[PDB]
Structure formats: structure tokens, C-alpha cells
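Novice: One structure coming up, written as C-alpha cells, with questions to follow.
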Amino acid sequence: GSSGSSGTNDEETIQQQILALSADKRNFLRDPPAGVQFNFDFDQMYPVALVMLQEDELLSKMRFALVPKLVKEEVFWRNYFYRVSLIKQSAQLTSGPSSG
């Protein structure tokens, strides 16, 4: 039984990347600049993050010891996602041909 072809977009990895973040603390502290228009709504992505915790013990066990240890539960959920959205978006952004 061999396996070479996949087909489905690069979504199987998107999750693998979002995991590497949990194993990092510099990300929780690091925050995006102003120029970048990242309209993030905590209260909105507040609960949705709870589901990512249970699944990812590292993301929880850490956040707890890294918050407010590091940043406010809110901010933490802000910087964290920020990087995430970039990973997921890429999947598409990198459609193929580059123009402009």
C-alpha cells in the first residue's frame, strides 16, 4: 500500500503549523504592527478559542502559565490568531501565479 497523490488542498498541514505556535511563547508576546489592518474581535474569537484549547493541551497549559503571566487573555488570543489567519490564508493566497 503506497501513498503519493493527495489532491485536497494543503489543509492537512495548516493544522500542523498552528500547532508549532503552541510550542512557542515569543508568539504570545509578539504583536502585529499598526499599518496592518487586522480587525480582530476578541469577544468573537473568545469562545471559538476554547475549542482550540481542549484539543491542544500545549496551547492551554501554556496560555494559562503565559497569561496574564505574559499578556491579557484577550491580547493573547489576538496575537495567536493573527499568525494563524496568515497560515490558513496562505493556502489560498499562494494560488500559483504571482501578479502585481
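Novice: Using a/c under 1.5 as the rounded threshold, could you call the chain rounded, prolate or oblate? The axes a ≥ b ≥ c are square roots of the C-alpha gyration tensor eigenvalues, and prolate needs a/b larger than b/c, oblate otherwise. List each step's numbers first, then the result.
Specialist: On the way: a/c = 2.38, a/b = 1.40, b/c = 1.70.
Since a/c reaches 1.5 but b/c is at least a/b, the shape of the chain is classed as oblate.
Novice: At 222 nm, what helix-only mean residue ellipticity would the chain give, in deg cm²/dmol to the nearest 500, using -39500 (n - 2.57) for each DSSP H run of four or more?
Specialist: Computed mean residue ellipticity for the chain: -18000 deg cm²/dmol.
Novice: Enumerate the helices in the chain for which the Kyte-Doolittle hydropathy averages 1.0 or more and the C-alpha atoms extend at least 18 Å along the helix's axis, using complete DSSP H runs.
Specialist: Numbers: long enough: 42-55 (20 Å, 0.54); 73-93 (29 Å, -0.36).
None clear 18 Å together with a mean of 1.0.
Novice: If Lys and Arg each add +1 and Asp and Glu each add -1, what is the summed charge of the other residues whose beta carbon sits under 12 Å from the beta carbon of residue 91?
Specialist: Around residue 91, the surrounding residues sum to -2.
Novice: Place a label point 7 angstrom from the Cα of residue 25 along the Cα-to-Cβ direction, then list the residues of the stretch 48-64 whose backbone nitrogen is under 17 Å away.
Specialist: Residues passing the 17 Å test: 58-64.
Novice: Count neighbours as other Cβ atoms within 10 Å of each site's Cβ, and list the trypsin sites (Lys or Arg not before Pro) in the stretch 22-100 that are DSSP loop with at most 16 such neighbours.
Specialist: Those satisfying the criteria are 25, 30, 69, 72.
For neighbour counting, all protein chains shown are included, and Cβ atoms are generated from backbone atoms with ideal geometry for every residue, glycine included. Bear in mind that the values in this text are calculations on the coordinates, not laboratory data.
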